[PDB]
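Enquirer: This one is an experimental structure. Sequence first:
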Amino acid sequence: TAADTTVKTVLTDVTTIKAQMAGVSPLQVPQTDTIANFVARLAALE
Amino acid sequence: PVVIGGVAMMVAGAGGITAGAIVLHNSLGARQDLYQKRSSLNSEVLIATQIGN
């Protein structure tokens, strides 16, 4: 009976791992430098 | 001796005012040319490096 209860628990363990491993992460576009800014940063310091 | 040295000063000075004007009209323009040319060059060099990156 305990064995039967445990299989329920195993089914839980399995839905946890399936949730952990689902999805395809989408593209991330970083924010990258323009000339405008690199120049504004290098003329700032000097 | 001193009246002469006095007048010579004012003449010097006056030539110094009259010369410093010639030079300030015939320079201000040329200085903005040179800075713009310099900034142009910095920008273009960076663009070249960016293309390489």
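Expert: Received, thanks. Residues are numbered from 1 along each chain as shown, chains lettered A, B, ... in the order given.

Enquirer: residue in chain B nearest to chain A?
Expert: Proximity of chain B to chain A (C-beta to the nearest C-beta) peaks at residue B:46, 5.4 Å away. Quick note: C-beta positions are derived from backbone N, CA and C, even for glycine.

Enquirer: Report all helices and strands that the helix or strand encompassing that residue contacts.
Expert: Here residue B:46 is covered by helix B:2-52, with elements defined by DSSP states H and E. Contacts of helix B:2-52 with other secondary structure elements, assessed using 3 or more C-beta pairs under 8 Å, 6 or more residues apart in numbering or on different chains; DSSP states H and E, are made with helix A:35-45.

Enquirer: how about the helix it packs on as CSV, C-alpha atoms only?
Expert: Coordinates of each C-alpha in helix A:35-45 appear next as CSV, following Å, rounded to 0.1, in the frame of the first residue of the first chain:
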residue,chain,number,x,y,z
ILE,A,35,30.4,55.1,-32.2
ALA,A,36,28.4,58.1,-30.9
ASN,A,37,28.8,56.6,-27.3
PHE,A,38,32.3,55.2,-27.4
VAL,A,39,33.4,58.6,-28.7
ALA,A,40,31.3,60.5,-26.0
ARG,A,41,33.0,58.2,-23.4
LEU,A,42,36.5,58.8,-24.7
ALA,A,43,36.1,62.6,-25.1
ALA,A,44,34.6,62.7,-21.6
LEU,A,45,37.6,61.3,-19.8
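
Enquirer: Next, the buried residues of it.
Expert: Of the residues in helix A:35-45, none are scored as buried under the neighbour-count criterion (16 or more other C-beta atoms under 10 Å in any protein chain shown).
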